[PDB]
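For reference, coords_13.pdb is printed below; it contains PDB, C-alpha atoms.
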MODEL        1
ATOM      1  CA  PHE A   1     -30.963  24.003 -77.221  1.00  0.00           C
ATOM      2  CA  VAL A   2     -27.759  26.088 -77.172  1.00  0.00           C
ATOM      3  CA  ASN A   3     -28.067  29.178 -79.439  1.00  0.00           C
ATOM      4  CA  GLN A   4     -27.297  29.112 -83.182  1.00  0.00           C
ATOM      5  CA  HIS A   5     -28.950  29.190 -86.630  1.00  0.00           C
ATOM      6  CA  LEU A   6     -30.801  25.931 -87.440  1.00  0.00           C
ATOM      7  CA  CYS A   7     -30.232  24.905 -91.100  1.00  0.00           C
ATOM      8  CA  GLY A   8     -31.344  21.595 -92.638  1.00  0.00           C
ATOM      9  CA  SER A   9     -30.791  18.580 -90.352  1.00  0.00           C
ATOM     10  CA  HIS A  10     -30.074  21.104 -87.579  1.00  0.00           C
ATOM     11  CA  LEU A  11     -33.695  22.261 -87.917  1.00  0.00           C
ATOM     12  CA  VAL A  12     -35.084  18.730 -87.986  1.00  0.00           C
ATOM     13  CA  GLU A  13     -32.723  17.457 -85.295  1.00  0.00           C
ATOM     14  CA  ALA A  14     -34.052  20.396 -83.238  1.00  0.00           C
ATOM     15  CA  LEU A  15     -37.816  20.346 -83.994  1.00  0.00           C
ATOM     16  CA  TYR A  16     -37.619  16.613 -83.260  1.00  0.00           C
ATOM     17  CA  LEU A  17     -37.000  17.562 -79.602  1.00  0.00           C
ATOM     18  CA  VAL A  18     -39.315  20.586 -79.537  1.00  0.00           C
ATOM     19  CA  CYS A  19     -42.186  18.514 -80.978  1.00  0.00           C
ATOM     20  CA  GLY A  20     -40.954  15.314 -79.318  1.00  0.00           C
ATOM     21  CA  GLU A  21     -43.694  12.833 -80.316  1.00  0.00           C
ATOM     22  CA  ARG A  22     -46.092  15.428 -81.785  1.00  0.00           C
ATOM     23  CA  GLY A  23     -43.659  15.753 -84.708  1.00  0.00           C
ATOM     24  CA  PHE A  24     -43.573  18.676 -87.196  1.00  0.00           C
ATOM     25  CA  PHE A  25     -43.905  19.007 -91.003  1.00  0.00           C
ATOM     26  CA  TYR A  26     -40.710  19.571 -93.079  1.00  0.00           C
ATOM     27  CA  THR A  27     -40.764  20.432 -96.839  1.00  0.00           C
ATOM     28  CA  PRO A  28     -41.693  16.917 -98.135  1.00  0.00           C
ATOM     29  CA  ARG A  29     -40.650  17.967-101.681  1.00  0.00           C
ATOM     30  CA  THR A  30     -40.669  21.792-101.703  1.00  0.00           C
ATOM     31  CA  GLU A  31     -36.888  21.546-101.191  1.00  0.00           C
ATOM     32  CA  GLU A  32     -36.962  24.648-103.430  1.00  0.00           C
ATOM     33  CA  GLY A  33     -38.950  26.690-100.891  1.00  0.00           C
ATOM     34  CA  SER A  34     -42.067  28.751-101.652  1.00  0.00           C
ATOM     35  CA  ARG A  35     -44.870  30.453 -99.686  1.00  0.00           C
ATOM     36  CA  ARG A  36     -44.016  28.370 -96.592  1.00  0.00           C
ATOM     37  CA  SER A  37     -40.582  26.813 -95.899  1.00  0.00           C
ATOM     38  CA  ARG A  38     -38.887  30.248 -95.786  1.00  0.00           C
ATOM     39  CA  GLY A  39     -41.198  30.730 -92.795  1.00  0.00           C
ATOM     40  CA  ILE A  40     -39.692  27.755 -90.896  1.00  0.00           C
ATOM     41  CA  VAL A  41     -36.278  27.133 -92.582  1.00  0.00           C
ATOM     42  CA  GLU A  42     -35.073  30.691 -93.343  1.00  0.00           C
ATOM     43  CA  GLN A  43     -36.731  32.138 -90.213  1.00  0.00           C
ATOM     44  CA  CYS A  44     -34.684  29.721 -88.062  1.00  0.00           C
ATOM     45  CA  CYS A  45     -31.749  29.073 -90.444  1.00  0.00           C
ATOM     46  CA  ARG A  46     -31.533  32.727 -91.539  1.00  0.00           C
ATOM     47  CA  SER A  47     -32.207  33.980 -87.957  1.00  0.00           C
ATOM     48  CA  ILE A  48     -32.025  32.288 -84.537  1.00  0.00           C
ATOM     49  CA  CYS A  49     -35.728  31.527 -83.951  1.00  0.00           C
ATOM     50  CA  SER A  50     -36.726  30.784 -80.333  1.00  0.00           C
ATOM     51  CA  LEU A  51     -38.167  27.354 -79.461  1.00  0.00           C
ATOM     52  CA  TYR A  52     -41.560  29.106 -79.309  1.00  0.00           C
ATOM     53  CA  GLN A  53     -41.499  29.310 -83.130  1.00  0.00           C
ATOM     54  CA  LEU A  54     -40.066  25.806 -83.613  1.00  0.00           C
ATOM     55  CA  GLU A  55     -42.825  24.697 -81.257  1.00  0.00           C
ATOM     56  CA  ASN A  56     -45.271  26.393 -83.652  1.00  0.00           C
ATOM     57  CA  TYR A  57     -44.829  23.704 -86.356  1.00  0.00           C
ATOM     58  CA  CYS A  58     -44.947  20.742 -83.953  1.00  0.00           C
ATOM     59  CA  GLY A  59     -47.986  18.945 -85.393  1.00  0.00           C
TER      60      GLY A  59
ENDMDL
END
Now that the file is in, can you turn its structure into structure tokens?
Amino acid sequence: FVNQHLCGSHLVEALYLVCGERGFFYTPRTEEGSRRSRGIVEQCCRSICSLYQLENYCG
């Protein structure tokens, strides 16, 4: 996509394209964040992660 920090819907709205039909897994209830989450949300939201990383959760 363009180039900015993905936070919340911006992350989903983005992974949705990266994964296309493969889909990705978003915190189903860990909305608080724990071992994971900060790996996908903060990594991208906190820092501009390249599609390569967003493409890492497509599954």
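Here the PyMOL selection byres ((chain A and resi 8) around 10) matches the residues residues 5, 6, 7, 9, 10, 11, 12, 13, 14, 26, 41, 42, 44 and 45 of chain A.
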Separation of atom CA of residue 59 of chain A from atom CA of residue 23 of chain A, in Å and rounded to one decimal: 5.4 Å
Answer key for the PyMOL selection byres ((chain A and resi 54) around 10), residues as a PyMOL selection string: chain A and resi 11-12+14-19+24+40-41+43-44+49-53+55-58
Filtering to C-alpha atoms, could you give me those residues as a PDB file, in the frame of the given file?
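Output contents, as saved in selection-v9.pdb:
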ATOM      1  CA  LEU A  11     -33.695  22.261 -87.917  1.00  0.00           C
ATOM      2  CA  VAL A  12     -35.084  18.730 -87.986  1.00  0.00           C
ATOM      3  CA  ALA A  14     -34.052  20.396 -83.238  1.00  0.00           C
ATOM      4  CA  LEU A  15     -37.816  20.346 -83.994  1.00  0.00           C
ATOM      5  CA  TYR A  16     -37.619  16.613 -83.260  1.00  0.00           C
ATOM      6  CA  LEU A  17     -37.000  17.562 -79.602  1.00  0.00           C
ATOM      7  CA  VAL A  18     -39.315  20.586 -79.537  1.00  0.00           C
ATOM      8  CA  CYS A  19     -42.186  18.514 -80.978  1.00  0.00           C
ATOM      9  CA  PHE A  24     -43.573  18.676 -87.196  1.00  0.00           C
ATOM     10  CA  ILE A  40     -39.692  27.755 -90.896  1.00  0.00           C
ATOM     11  CA  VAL A  41     -36.278  27.133 -92.582  1.00  0.00           C
ATOM     12  CA  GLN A  43     -36.731  32.138 -90.213  1.00  0.00           C
ATOM     13  CA  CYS A  44     -34.684  29.721 -88.062  1.00  0.00           C
ATOM     14  CA  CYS A  49     -35.728  31.527 -83.951  1.00  0.00           C
ATOM     15  CA  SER A  50     -36.726  30.784 -80.333  1.00  0.00           C
ATOM     16  CA  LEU A  51     -38.167  27.354 -79.461  1.00  0.00           C
ATOM     17  CA  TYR A  52     -41.560  29.106 -79.309  1.00  0.00           C
ATOM     18  CA  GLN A  53     -41.499  29.310 -83.130  1.00  0.00           C
ATOM     19  CA  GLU A  55     -42.825  24.697 -81.257  1.00  0.00           C
ATOM     20  CA  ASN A  56     -45.271  26.393 -83.652  1.00  0.00           C
ATOM     21  CA  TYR A  57     -44.829  23.704 -86.356  1.00  0.00           C
ATOM     22  CA  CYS A  58     -44.947  20.742 -83.953  1.00  0.00           C
TER      23      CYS A  58
END
Separation of atom CA of residue 20 of chain A from atom CA of residue 1 of chain A, in Å and rounded to one decimal: 13.4 Å
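Across the model, the gap from atom CA of residue 48 of chain A to atom CA of residue 4 of chain A is 5.9 Å.
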